[PDB]
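These notes concern the structure reproduced below.
Heads up, the Cβs are rebuilt from the backbone with ideal geometry, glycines too, and the neighbour counts pull from every protein chain shown. Readers should treat all values here as calculations from the given coordinates under stated rules, not as data from a laboratory.
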């Protein structure tokens, strides 16, 4: 029917060069019939709970038997990968949900840029205001839109990058989508970023004039 | 090197049928179990089916045993998966995998994406995003279906300082944006163009960013 492999930690905190351990719990006894993979297509790391394939470096250490399994990675560096466990003790084969490592780095304020609607979009009857909040740390951040000083919540769509595999920062896009009608009825469009790197928000705005 | 190449995916209508193939190279195909595993983003990996050395004994995920058939031809070194009466829930990237003797997957294919949906293919609208020692430019990609689109800057020669954000689904249309940051003295001096390819609609759009 189903053996459930639970990786309870979706994210695992650590620092560059550290050793770290990822956990995987089986709902039933799977002995040592467990595999570990990494994925940005997956790449095979460990089989039979503790055995490395030919070519997998020894910075990976598999451990466990029965229901409790762990993957240990030493000398962790900046990457864009998660780690998955899998049981093959019985059909159907089942996978864990995955665990991604989060690399520590120095706090960094976002670089905030705001853009008005393009001429092309307005011709079609739409009006999107775009705000980028780029290369900040830690990942927690708040964005607030203001239209002529009044807070605006409807029509906002946000998207977040994963932690960058090279400078360990995060970036965010916020897009406020209005109709051309509503857009032409107001003057000031403001994107406000609240981040732990300052007690005063970073304010970017423009006037439709 | 061990190499697994899955065949063409794409957008198909609910209730249709289609057959995937995976061409295996670089190893003795008949010496290994083979399998299919699929993955929808954010929900993890799901095992579909596997098959023995000579094809005499398949195994299936019982919820899919009603519509899926796994097969292999060890003379052509190819693994197949036949799918019938496809549902939107079958939307995923499908991987072929070489299964070790104990039951793990030591090699995976590049994956191929299947989208089962009655929504119509729609080409993207691409809008330019125009405005210190650095300057940030961007492109807004709105109203396309299905995923994915590929964004590059200056046909890929501009890769540093780019953030292409994950797409967001809004009323069966996707939207994403991409930003690029260059030294202020190099724009508009040295031109910056975003290229947005949408293979599903056989469309590509290039927008050069210029001052307002």
Margin query: Checking residue B:138 against (1) buried (at least 19 other Cβ atoms within 10 Å of the Cβ); (2) under 21 Å from the mean Cα position of the chain (by Cα); (3) within 11 Å of chain A (Cβ to nearest Cβ), only one condition comes out false. Which one?
Written below: (2)
Checklist line | Filtered residue count, the stretch A:104-127, keeping only those that are touching a strand residue (DSSP E or B) at 6+ places or on another chain (Cβ under 7 Å) and either within 10 Å of chain B (Cβ to nearest Cβ) or part of a strand (DSSP E or B) (or both) | finding: 13
Check: Any idea which residue in the stretch A:128-151 is farthest from the chain's Cα centre (by Cα), counting only those that are surrounded by fewer than 18 Cβ atoms within 10 Å (Cβ to Cβ) and either facing chain B (nearest Cβ under 10 Å) or outside any loop (DSSP other than H, G, I, E, B) (or both)?
Finding: A:150
Notebook entry, point to check: So which strands (runs of 3 or more DSSP E) stay within the stretch B:1-80 end to end and still have 2 or more residues that are within 26 Å of residue B:148 (Cβ to Cβ) and away from chain A (no Cβ under 14 Å)?
Noted result: B:10-12, B:18-25
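From the list A:181, A:167, which residue is assigned to a loop (DSSP other than H, G, I, E, B) and more than 10 Å from every other protein chain (Cβ to nearest Cβ)?
Working: A:181 fails: assigned to a loop (DSSP other than H, G, I, E, B).
Testing whether each residue is assigned to a loop (DSSP other than H, G, I, E, B) and more than 10 Å from every other protein chain (Cβ to nearest Cβ) leaves just A:167.
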Check: Within the stretch A:66-95, which residues are closer than 25 Å to residue A:16 by Cβ and part of a loop (DSSP other than H, G, I, E, B)?
Finding: A:74, A:75, A:76, A:77, A:78, A:79, A:80, A:81
Margin query: Residue under question is residue A:63, and the condition is that it be over 21 Å from residue B:43 (Cα atoms), assigned to a strand (DSSP E or B) and in contact with a strand residue (DSSP E or B) (Cβ under 9 Å, 6 or more places away or on another chain); does it hold?
Written below: yes
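Can you tell me which residues in the stretch B:157-205 are touching a helix residue (DSSP H, G or I) at 6+ places or on another chain (Cβ under 8 Å) and either surrounded by 13 or more Cβ atoms within 10 Å (Cβ to Cβ) or within 11 Å of chain A (Cβ to nearest Cβ) (or both)?
Going residue by residue through the stretch B:157-205, those that are touching a helix residue (DSSP H, G or I) at 6+ places or on another chain (Cβ under 8 Å) are B:191-193, B:195.
Passing the criteria: B:192, B:193, B:195.
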Next item on the list: Quick one: in the stretch A:51-60, of everything that is within 28 Å of the chain's Cα centre (by Cα), closer than 24 Å to residue A:31 by Cβ and in a loop (DSSP other than H, G, I, E, B), which residue is nearest to the other protein chains (Cβ to nearest Cβ)?
Entry: A:56
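Looking at B:103, B:143, can you tell me which residue is buried (at least 19 other Cβ atoms within 10 Å of the Cβ) and at positive phi?
Values: B:143 fails: buried (at least 19 other Cβ atoms within 10 Å of the Cβ).
Among B:103, B:143, only B:103 is buried (at least 19 other Cβ atoms within 10 Å of the Cβ) and at positive phi.
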